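A.B. asks: A structural model of the following input is requested.
(8 chains, ligands or ions: 1)
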Amino acid sequence: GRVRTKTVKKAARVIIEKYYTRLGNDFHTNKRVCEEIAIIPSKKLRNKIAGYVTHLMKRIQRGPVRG
Amino acid sequence: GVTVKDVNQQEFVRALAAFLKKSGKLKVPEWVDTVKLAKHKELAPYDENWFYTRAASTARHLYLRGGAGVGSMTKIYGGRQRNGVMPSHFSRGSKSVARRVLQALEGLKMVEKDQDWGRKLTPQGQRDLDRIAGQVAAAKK
Amino acid sequence: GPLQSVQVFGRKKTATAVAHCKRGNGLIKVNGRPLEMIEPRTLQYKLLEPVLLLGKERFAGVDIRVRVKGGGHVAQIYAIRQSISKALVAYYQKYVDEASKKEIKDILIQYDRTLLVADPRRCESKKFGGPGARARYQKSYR
Amino acid sequence: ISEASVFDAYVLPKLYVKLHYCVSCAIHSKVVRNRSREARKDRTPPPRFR
Amino acid sequence: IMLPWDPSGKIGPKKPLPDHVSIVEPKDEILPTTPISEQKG
Amino acid sequence: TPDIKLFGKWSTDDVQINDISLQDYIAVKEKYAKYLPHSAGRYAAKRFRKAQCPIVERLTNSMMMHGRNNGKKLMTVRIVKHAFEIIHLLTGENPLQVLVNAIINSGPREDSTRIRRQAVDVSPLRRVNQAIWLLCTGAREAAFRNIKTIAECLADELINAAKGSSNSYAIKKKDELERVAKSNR
Amino acid sequence: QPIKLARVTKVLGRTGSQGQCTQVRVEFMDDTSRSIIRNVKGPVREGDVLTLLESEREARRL
RNA sequence: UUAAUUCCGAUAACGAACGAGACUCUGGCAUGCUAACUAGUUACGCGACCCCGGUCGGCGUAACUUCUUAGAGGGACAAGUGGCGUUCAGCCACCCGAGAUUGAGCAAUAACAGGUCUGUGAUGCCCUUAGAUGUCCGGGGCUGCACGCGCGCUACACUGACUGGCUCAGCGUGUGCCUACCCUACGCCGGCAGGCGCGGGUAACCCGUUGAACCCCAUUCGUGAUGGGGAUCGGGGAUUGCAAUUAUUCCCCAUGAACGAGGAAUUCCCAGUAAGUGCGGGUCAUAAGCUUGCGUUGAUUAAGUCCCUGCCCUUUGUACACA
Ligand SMILES: [Zn+2]
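C.D. replies: Residues are numbered from 1 along each chain as shown, chains lettered A, B, ... in the order given. The structure is reproduced below:
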């Protein structure tokens, strides 16, 4: 039951919509970008947000995202 | 050469007990026949010459880990204290029989008393331990 | 030659061991004794499983000193079995070339993982209100 | 019957009994069921699919 | 009585909420369309 | 030597499995060739992880039941090691082949259950587990208030299962359950 | 009346009240055309062989 | 869809929080950083022994963090591949990888004619108020017994019964506040019980480097309500407190029954899990068949469901109304 939460979904779309230019398909690239632009208190929440950002990047590379 | 750690300790204590039976000067009393070993044990030991096995075990324990008194000897002689319907516990061994083993091994010229208690093993007895280790090695080979 | 000192720990459980490697003749010892007086004699071949697969050629130059503390008995057997294996892998890794180390490692990967990688299996703590961790007491009705 | 018979490929009959129930007996046999007030106006039967 | 959050840490604590994520404001910039050199020193 | 592995005194070879159904579940060949069947655990994670456990280790672990036998793996490995010596002196052939033939013979396929009684077939892994449980239960029932030992009773049960003359407990319960399932169908 | 064989090519679901009878589509390895649906107890995966005493039995729809 | 009102989506709904998620302590690994004479490792030299070399928890001092201890951070996220599904939320198999689920705490709204006046100098009312329902001493009772149940412990054996040999843990604990009460090390006396003086510690020092039980190895037994069981009972010997019988507690000998694997019915749990089997803390002038943690060995079955016993919503007649 690894469901990405609403605190991840409200943050990640705003992060991609603002810094859409400085992104990448790799996990270790945007994991350090989110450390710069955002203030995440914990490593587990940071990794969940970064994984959902990479999943949204895979959705972008597949097609258009409605949200 | 060989050493007593390379020698298996199952037959080493029997060979040293045979050597102490060949010696036969280790102060065996007559209450050994009627004594029980400890209160957690039930009956008397089966073999009649069970002083020499304890003497061989005390000799090898003082060779390997010197500086031991009464408690380190009562720790190895222990088992299940089956009281009956109550749940069993652990009980220590007797003190006087180990004290008589220490007195017999002190009367025999193979040990020497150490400061703050304990009976260390003399360099004369280290030669004897190496020679009986060579004897057990020649017996097994 | 120089003292090729390789100290590798082996940890699977509470029983731990430290294997120390060296150059020279081949004499494997665990605190100054070989693997021939092990009680019980049922697990005599268990420590010879890494010995018989590699052969007598690989253990000619390798002599290992092992110190053991804690745990039980079979836990100590698995501890020294993991420790001398990881120390032998480190010995063939650091000094001699990597091709022979890979040729030895390809045997150890296919057989068992316990020789190389330990598993996080420890004792779970007892919970309150039961005889053990999972089991509870009998409920008193009426 | 298809294993042990004298005739070959014997056709089977069917049952034809027209059952009748009242308001209490239909609910006691558990056929009809109380629906929503918007669904009460629908005179349609439940769909015959299987 | 619950104490609110403050940056100074006088009316309340300094550590923010785990659910709250402080996202900074992005910088506004225009991409250069002409390669221009800038020599100084 | 890594070319041949002798399980005590028995190699991996001279093991012929006739049934192709049980050979997929029994995975003692070509992977789990060992000297002693002693291990730590973790063979019950996946649904079909239980089939990857070798049948010698299963015969080792299935003996210890009913409270007082727990923690006697070092006992039962030596018991099975003597049981190979008891089997080989009387049979003459391969005790591994005798055990494979016993597993082939002692398979209860169909069994009825209360859901009328629905007589349906079971899994081949369920047949192997049922055969191991029936042979261990028959050995534990036979070796009680008797001078005859665990290894002797287990050897007699495996020889009677390889013979197949309604003498072994697993063969008898297999024939009884197939008789009941043939009756109520 | 020969003793036939089968093979599991695809699992379908789980029948019964307690959920112990697995609805299994069995493929006959002797005749590779025909296939029936039976309920088989125990852990059943795709690939094993089932020894059928008679092949005329067939489980109905739940 | 999941443990979840956790999200896609349908949209007369949009925008938030509470519970959960989220957050803390612990475990699995980082030979990359800092440290250790109350933790060590490797060697140098001396001493002992065997026949040029090995052994030593026998001793003095040169390097180091490879073991231990712990300040700081990392990684693990469904990230990569293949299948299912609106191809959305997501789900499953696999390679590589210390881990593709460690456990616990906090735990929304609402309520009980649920318990506690016998925890309280938390408390209302009534009574007692001197020959006191207050305070103190010597005993008794709280244990008691035709009967029915509740929570626990050990056996009904050959897988076992007896005797030795061999080989390992981590929780802990401990020199006083009136107050005496602490851990014990070592040489002796004695069959055990117990006793005499004696050194170390305000603790990684002392017990202690916790030789614990099961275990493995070597002797005795052989189907006998039996060597298993010590239920039952008698005599003697010691410690504790001023004082023990109805046995405070411990030791020796003797007595050797019920019990042949258990009927109806019923409780708990699903991987270091049940189970066998021990050890510390609390109760402690004397104190474990109680309770909680810490260890060692180590299985069978299962990766589904509401048929059975409960709990939570729904449509709706409303014999359910400070309900
Ligand atoms: Zn009617």
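
A.B. asks: use CA for all of it now, contacts and neighbours both
C.D. replies: Fine.

A.B. asks: and the residue nearest to residue C:134 when sequence neighbours are not counted, how many neighbours does it have?
C.D. replies: Taking C-alpha to C-alpha, 6 or more residues apart in numbering or on different chains as the measure, residue C:134 lies nearest to residue C:127, with 7.6 Å between them; neighbours along the chain are not counted. Using other C-alpha atoms under 10 Å in any protein chain shown, residue C:127 has 12 other residues around it.

A.B. asks: how close does residue C:127 get to residue C:136?
C.D. replies: 9 Å (C-alpha to C-alpha, to the nearest Å).

A.B. asks: for residue A:10, same thing?
C.D. replies: Spatial separation of residue A:10 from residue C:136 under the definition C-alpha to C-alpha is 44 Å.

A.B. asks: returning to that earlier point: check which helix or strand the residue nearest to residue C:134 maps to.
C.D. replies: Element membership of residue C:127 [criterion: DSSP states H and E] is none; it lies in no helix or strand.

A.B. asks: one more: residue B:120?
C.D. replies: Assigned by DSSP H and E, residue B:120 belongs to strand B:119-121.

A.B. asks: now do the end-to-end distance for stretch D:29-37.
C.D. replies: Distances were taken as C-alpha to C-alpha; on that basis the terminal residues of stretch D:29-37 are 23 Å apart.

A.B. asks: just confirm yes or no for it near the ion.
C.D. replies: No. Contact between stretch D:29-37 and the ion is absent, the nearest approach being 9.8 Å (criterion: C-alpha under 5 Å from the ion).

A.B. asks: give me the residues contacting that stretch.
C.D. replies: The set of residues that contact stretch D:29-37 without belonging to it, under C-alpha atoms under 8 Å, 6 or more residues apart in numbering or on different chains, is D:26, D:27.

A.B. asks: centre of the chain to that stretch, how far?
C.D. replies: Taking C-alpha atoms, centre = their mean, to the nearest Å, one finds stretch D:29-37 lying 15 Å from the centre of the chain it belongs to.

A.B. asks: that stretch vs RNA strand H: in contact?
C.D. replies: Yes. With C-alpha under 7 Å from any atom of the strand as the threshold, stretch D:29-37 lies in contact with RNA strand H, specifically through D:34, D:35, D:36, D:37.

A.B. asks: try stretch B:30-49
C.D. replies: Yes. Applying C-alpha under 7 Å from any atom of the strand, one finds stretch B:30-49 touching RNA strand H at B:31, B:35-47.

A.B. asks: so for that stretch, what gets flagged as buried?
C.D. replies: B:32, B:36, B:37, B:38, B:39, B:40, B:41 (16 or more other C-alpha atoms under 10 Å in any protein chain shown).

A.B. asks: quick check: end-to-end length of stretch D:23-34?
C.D. replies: Start and end residues of stretch D:23-34 are separated by 12 Å (C-alpha to C-alpha).

A.B. asks: and the residue nearest the centre of chain E?
C.D. replies: Most central in chain E under C-alpha atoms, centre = their mean is residue E:24, positioned 3.5 Å from the mean C-alpha point.

A.B. asks: please enumerate the helices of chain C.
C.D. replies: Shown for chain C, the helices assigned by DSSP state H span residues C:49-54, C:74-94, C:98-111.

A.B. asks: nearest to residue A:55, out of these?
C.D. replies: Relative to residue A:55, the nearest member of those by C-alpha to C-alpha is helix C:98-111, separated by 34.1 Å.

A.B. asks: re earlier: what would the residues of stretch D:29-37 next to RNA strand H look like in a markdown table with secondary structure and neighbour count?
C.D. replies: Listed next are these as a markdown table, based on DSSP: H, G, I helix; E, B strand; the rest coil; neighbours: other C-alpha atoms under 10 Å in any protein chain shown:
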| residue | secondary structure | neighbour count |
| --- | --- | --- |
| D:34 | coil | 8 |
| D:35 | coil | 9 |
| D:36 | coil | 7 |
| D:37 | coil | 8 |
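
A.B. asks: how about the residues you listed, which pair is most distant?
C.D. replies: Set against one another by C-alpha to C-alpha, the residues of stretch D:29-37 next to RNA strand H have their most distant pair in D:34 and D:37, with a gap of 9.1 Å.

A.B. asks: hang on, the earlier thing: secondary structure and distance to chain C added to the residues of stretch B:30-49 next to RNA strand H, as JSON lines?
C.D. replies: Output for those, formatted as JSON lines (DSSP: H, G, I helix; E, B strand; the rest coil; distance: C-alpha to the nearest C-alpha, whole Å):
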{"residue": "B:31", "secondary structure": "coil", "distance to chain C": "35"}
{"residue": "B:35", "secondary structure": "coil", "distance to chain C": "32"}
{"residue": "B:36", "secondary structure": "coil", "distance to chain C": "29"}
{"residue": "B:37", "secondary structure": "coil", "distance to chain C": "26"}
{"residue": "B:38", "secondary structure": "coil", "distance to chain C": "26"}
{"residue": "B:39", "secondary structure": "coil", "distance to chain C": "27"}
{"residue": "B:40", "secondary structure": "coil", "distance to chain C": "24"}
{"residue": "B:41", "secondary structure": "coil", "distance to chain C": "25"}
{"residue": "B:42", "secondary structure": "coil", "distance to chain C": "27"}
{"residue": "B:43", "secondary structure": "coil", "distance to chain C": "28"}
{"residue": "B:44", "secondary structure": "coil", "distance to chain C": "27"}
{"residue": "B:45", "secondary structure": "coil", "distance to chain C": "24"}
{"residue": "B:46", "secondary structure": "coil", "distance to chain C": "24"}
{"residue": "B:47", "secondary structure": "coil", "distance to chain C": "24"}
